[PDB]
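Sequences listed follow chains L and C, in order. When we follow full-length UniProt numbering, the leftmost residue of the first sequence carries the number 18, and every step to the right adds one. When we follow full-length UniProt numbering, the leftmost residue of the second sequence carries the number 18, and every step to the right adds one. By construction, the Cβ of each residue, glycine as well, lies at the ideal position given by its N, Cα and C atoms.
Number of protein chains: 2
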Amino acid sequence: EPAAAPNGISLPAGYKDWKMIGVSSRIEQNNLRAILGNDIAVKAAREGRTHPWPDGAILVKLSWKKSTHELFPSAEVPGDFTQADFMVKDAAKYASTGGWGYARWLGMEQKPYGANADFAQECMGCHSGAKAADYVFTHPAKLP
Amino acid sequence: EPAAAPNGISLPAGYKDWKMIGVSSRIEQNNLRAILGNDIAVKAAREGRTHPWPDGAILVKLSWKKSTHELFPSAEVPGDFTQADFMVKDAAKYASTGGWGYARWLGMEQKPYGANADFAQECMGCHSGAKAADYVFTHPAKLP
Ligand SMILES: [Fe+3]
Ligand SMILES: [Fe+3]
């Protein structure tokens, strides 16, 4: 198993099998991202129960470097896998970080991010800008 | 329930719950895409059984117009849903179109695309360029 994050969160097993919530592309990072969630998160996302998200919801964002497809240069496609970011909802347990447990694992080798157990204050530094939306930027993508 | 495509392919039920294969962004369409697959496709993708893909594999590409996140302008995120494109592998049934059944549904209204039953020749026009990769451009995104 990969090492736990410095705040004690273990890597959610099976996240690559989870359902999609959305996708994104971060210009400044030259990354394509997929956002998945466990079934608690997906149910909440689809039913709009995101104020707050429920206890047990886990979101995962998977980031790859952007490359261009060798056969179709206008298609930006994933190259190198760069990291997996997680938010785990537990209003009581992570009340000090807004009710979410943050954790990041880097690369194929899955090195836990962060110098110490307060690393999540970095995450909060930006995610506080989405405080009105329970610290979550992502808007579930529309589907029929 | 949505009408079948002009070549007789019915919309696959439950595609929104399928596992992810990849993501992409098409620069000339200003979209973001998620590529999902049924469990045959996902197993094939993950094992590298793509030369050729096995019969029964279904790939779906979901497309949204790109929007910029209101709280974070360098984040391109899905706006309106534009289309669902499908490729259904059946080397015998779809031998005339490279072993793949193509189909597209447009919009939230899931209107079948295509003027007639030969609409898939359009798809083949470009997809023939990926013939070395069994007519599939997408490279499964690498995950640990
Ligand atoms: Fe973040
Ligand atoms: Fe295509």
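Comparing alpha carbon positions, the residue from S84(L), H156(L), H68(L) and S80(L) closest to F103(L) is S80(L).
The bridge partners DSSP lists for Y119(C) are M104(C). The criterion of a C-beta distance shorter than 8 Å is not satisfied by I57(L) and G31(L). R43(L) and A109(L) have their C-alpha atoms spaced approximately 31 Å apart. Under the three-state reduction of DSSP output, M141(C) falls in the helix class. A buried status is given to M37(L), since no fewer than 16 other beta-carbon atoms sit within 10 Å of its beta-carbon. Going by DSSP, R63(L) is part of the alpha helix (DSSP H) stretching over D56 to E64. In the DSSP annotation of this structure, the continuous segment of the beta strand (DSSP E) that includes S41(L) starts and ends at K36 to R43. In the three-state reduction of the DSSP assignment, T114(L) falls in the helix class.
In this structure, DSSP gives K33(L) a helical state, which the three-state scheme calls helix. Take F154(L), set aside five residues on each side of it, and the residues of its chain with a beta-carbon closer than 7 Å to its own are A147, in chain order. Closest in C-alpha terms to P29(L), from the list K60(L), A132(L), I75(L) and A62(L), comes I75(L).
For chain L, the residues of the segment 123-136 of chain C that bring a beta carbon within less than 7 Å of one of its beta carbons are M125 and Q127, in chain order. Each residue's CA atom was taken as its position, placing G124(L) and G131(C) some 42 Å apart. With fewer than 16 other Cβ atoms inside 10 Å of its own Cβ, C143(L) counts as exposed. Annotation for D102(C) indicates a beta carbon within 7 Å of some heavy atom of ligand 2. At a Cβ-Cβ threshold of 8 Å, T85(L) and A92(L) count as neighbours. Here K128(L) is bridged, per DSSP, to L123(L). Between ligand 1 and the CB of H144(L), the shortest heavy atom gap is smaller than 7 Å.
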